[PDB]
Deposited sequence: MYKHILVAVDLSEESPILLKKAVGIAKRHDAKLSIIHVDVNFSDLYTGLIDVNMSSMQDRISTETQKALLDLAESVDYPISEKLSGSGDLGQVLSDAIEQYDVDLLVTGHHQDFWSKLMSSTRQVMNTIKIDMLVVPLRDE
């Protein structure tokens, strides 16, 4: 069974629904559940992986509140609240490794997928865990 699920969100209307769905999976697997806000801007200023409860301005007060609000939208405990920017292949690979994630859950948004498809060859990343891609609902 899964031990730690990570839901990638862009903090849109889609996110709360995606999180509710992941909570359902977490409850069946008795798994830890974490969330990572993904910045899809192509700016390369202060990029990287951030733990929002253990912090920059790359993350804004606006997005900061929205992510904390999303986590409080379900009763299920949220273990890590992260934010990633820059090369998303590298950022997600790092979050999965660092936090021992075994299920990555994502939505359907096009800009998010375009960013994931732009990960570079600088490091030949791959995904070594299951990934559940969730349709629009």
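> Note down, first to last, the deposited-sequence stretches for which the model contains no C-alpha atom.
Comparing the full sequence with the modelled residues, the uncovered ranges come out as 56-57, 140-141.
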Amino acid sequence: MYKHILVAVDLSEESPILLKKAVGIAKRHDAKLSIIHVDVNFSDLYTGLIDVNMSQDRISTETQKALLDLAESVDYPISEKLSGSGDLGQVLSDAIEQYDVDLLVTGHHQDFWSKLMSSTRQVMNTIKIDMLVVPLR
From here on, numbers count along this sequence of modelled residues.
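> Quick one: say whether 7-15 or 118-126 has the higher mean Cα B-factor in the deposited entry.
The entry gives the higher C-alpha B-factor average to 118-126.
> Mean CA B-factor: is it higher for 26-34 or for 43-51?
Result: 43-51.
> When you compare the CA B-factors of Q110, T106, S83, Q56 as listed in the entry, which one comes out on top?
Across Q110, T106, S83, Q56, the entry lists the biggest C-alpha B-factor for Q56.
> Grab the CA temperature factor for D94 from the record and place it in the lowest, middle or highest third of its chain.
Its C-alpha B-factor, which the entry lists for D94, ranks in the middle third among residues of this chain.
> Using the B-factor values recorded in the entry, state whether the Cα atom of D102 falls in the lowest, middle or highest third among the modelled residues of its chain.
Within its chain, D102 is a lowest-third residue by C-alpha B-factor, going by the deposited values.
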